[PDB]
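Below sits a lone chain in structure tokens, taken as the form deposited in one PDB entry.
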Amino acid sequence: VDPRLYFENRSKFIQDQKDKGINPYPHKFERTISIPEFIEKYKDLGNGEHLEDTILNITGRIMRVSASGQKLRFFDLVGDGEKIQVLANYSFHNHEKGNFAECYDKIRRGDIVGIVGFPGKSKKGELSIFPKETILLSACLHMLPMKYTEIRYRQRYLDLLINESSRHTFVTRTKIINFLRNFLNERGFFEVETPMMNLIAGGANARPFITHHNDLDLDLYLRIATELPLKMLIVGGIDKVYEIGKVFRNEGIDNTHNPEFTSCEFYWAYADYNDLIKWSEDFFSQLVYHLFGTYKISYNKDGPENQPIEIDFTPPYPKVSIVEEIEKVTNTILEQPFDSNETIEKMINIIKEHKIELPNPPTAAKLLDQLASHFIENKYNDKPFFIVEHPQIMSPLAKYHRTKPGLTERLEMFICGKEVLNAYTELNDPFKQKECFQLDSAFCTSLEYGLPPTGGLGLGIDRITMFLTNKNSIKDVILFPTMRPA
């Protein structure tokens, strides 16, 4: 009951075993089968049917202890997120390697044990290892919480050990990244690594982290996006390139925002806005079908206490032009240029009339993003959708819209009001790029060397995982989300 008492007395137990000549952290256990392999091998067994001739070395963590008397011990053995029973029987025990009561009265919950024993099914039909000998491989000194907070995030091993849904969540995350990596690779894409720190932070609009490099003696910027070096690789003839990796934005932490998060950015030469749209639809529909066998998934947008909303990932997804729909909903045209004093003040007026929060700073791109957020981002929640054709001031690195002046060929896919995908036709015309004289002289010079018509796309893998694992917080899909020390 007292945690310090349980920990201190189990440490005392460790030293008691050591003083007793038994190493509680033995050097090695020659495991022969994993718990999933055990379950797959011996699932087709009748109740009460042993396989006594088959001597297996299996390992796992003890998660339950019970007794039908001092002579019969029941345990729960977990390994790789799968469970079998442990049916210690005084008869099947090797009494020449230890006392049965001694060898099993010491086992507590959380204990990593190695078991020499045979497979079978109990009279209750439970798949079990019947141990002839059981070796504690690693003592869990602390008391393992039953199902109990910030702890899940800090000591993530506890969260993975007690909550099966947590391991399911992270297995889904890796399955998502595997599916995306495989998807791109099947489409001829080439996975690369670009620097995590650069002399600038370009690709998006966010505060960068600053870190000091000693041997170069300079303050480098943790990359906010992989956009620029990837487009440089497109210049370098890798026409189908991508990168899955962490990007850092030194901004606010909330349930959908982490300072560091897993982006996937691909750049696909000779691909236009429709190629990016079709890619987004194909990718999300195929990934959701892969992960669920259906295109419709449930998601607790308003938390687990409220009824979930069904998100239909059936393509095509609707595309909505931001400025057209802002002018429609707000019944005011945003005159170009969108950062003219008139247009800036007009957007501020629309925001003020609607009691929508004015963003810091009230730049026309930020005001446009706030207008989109309020008026169009939270109005398709049954399916994902694209907000498209953003003003060029919102996306300096996007190619100009062919037929709509001042707009771009940008697509940004939202799921339940959250931006999971940002894509557009890359601006390949160096003269048409402002800030070519943050911005890179290296990137602008690469543009001057010829960037082919490219389509770029970026995926917030953490957010996508949030939606496909039914998690409301991004801290629930990152194994060790950055937390405040206590």
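We call the rigid core the largest set of C-alpha positions that still match within 1.5 Å between the two forms. Numbers follow the displayed sequence, beginning with 1.
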{"query": "Cross-entry absence of residue 203, a third or more of other PDB entries", "finding": "yes"}
{"query": "Unmodelled residue 456 in at least one third of other entries with both flanks present", "finding": "no"}
{"query": "Sequence continuity check, residue 270 and residue 271 (deposited residues unmodelled)", "finding": "none"}
{"query": "Deposited residues omitted from coordinates between residue 437 and residue 438, as a class", "finding": "10 or more"}
{"query": "Mean C-alpha temperature factor, higher of 342-350 and 391-399", "finding": "342-350"}
{"query": "Higher-scoring stretch by recorded Cα B factor average, 49-57 or 449-457", "finding": "49-57"}
{"query": "Per the PDB entry, maximal CA B factor within 167, 175, 231, 97", "finding": "97"}
{"query": "Member of 308, 203, 236, 195 with the greatest C-alpha B factor (per the PDB record)", "finding": "308"}
{"query": "Third of the chain's Cα B-factor distribution that residue 294 belongs to, per the entry", "finding": "middle"}
{"query": "Record-listed C-alpha B factor of residue 301: chain third", "finding": "highest"}
{"query": "CA B-factor ranking of residue 316, expressed as a third of its chain", "finding": "middle"}
{"query": "Residue 421 by Cα B-factor - lowest, middle or highest third of the modelled chain", "finding": "lowest"}
{"query": "Third of the chain's Cα B-factor distribution that residue 428 belongs to, per the entry", "finding": "middle"}
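Although it is not shown, the form deposited in another entry is what the next lines describe.
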{"query": "Core-fitted Cα difference of 2 Å or more between the shown form and the other one, single residue among 285, 343, 256, 166", "finding": "343"}
{"query": "Rigid core superposition, residue 361 Cα moves 2 angstroms or more between the shown form and the other one", "finding": "yes"}
{"query": "Exceeds or equals 2 Å, Cα of residue 332 between the shown form and the other one, core fit", "finding": "yes"}
